[PDB]
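K.L.:
no FASTA, just this:
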């Protein structure tokens with residue numbers, strides 16, 4: 001995970017922030033996915049972001 005040569009990381013980040021935007025997630029958290037080091041971080045961040053969203 002986090003392979004710079006493959007586009008899997010870029011596609012993972014793309015679909016991750018796609019989900020985020022669907023849930024009305026702001027850029028503050030969307031940037032976290034973009035700054036993710038690896039796909040595992042992308043998945044973990046997305047979840048934690050949506051938890052913070054659902055946390056009221």
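P.N.:
Cool, the structure landed. Numbers count the residues shown, from 1 in each chain.
K.L.:
List the contacts of the nearest residue to residue 21 once chain neighbours are set aside.
P.N.:
The shortest distance from residue 21 to any non-neighbouring residue, by C-beta to C-beta, 6 or more residues apart in numbering, is to residue 30 (7.1 Å). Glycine gets a C-beta too; all of them are placed from N, C-alpha and C. Residues in contact with residue 30 (C-beta atoms under 8 Å, 6 or more residues apart in numbering) are 17, 20-21.
K.L.:
what about burial for the residues you listed, which qualify?
P.N.:
The neighbour count (16 or more other C-beta atoms under 10 Å) marks 17, 20 as buried among these.
K.L.:
Let me have the contacts of residue 30 in a markdown table, extended by distance to residue 5 and secondary structure.
P.N.:
Below are the contacts of residue 30 laid out as a markdown table (distance: C-beta to C-beta, whole Å; DSSP: H, G, I helix; E, B strand; the rest coil):
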| residue | distance to residue 5 | secondary structure |
| --- | --- | --- |
| 17 | 21 | helix |
| 20 | 25 | helix |
| 21 | 27 | helix |
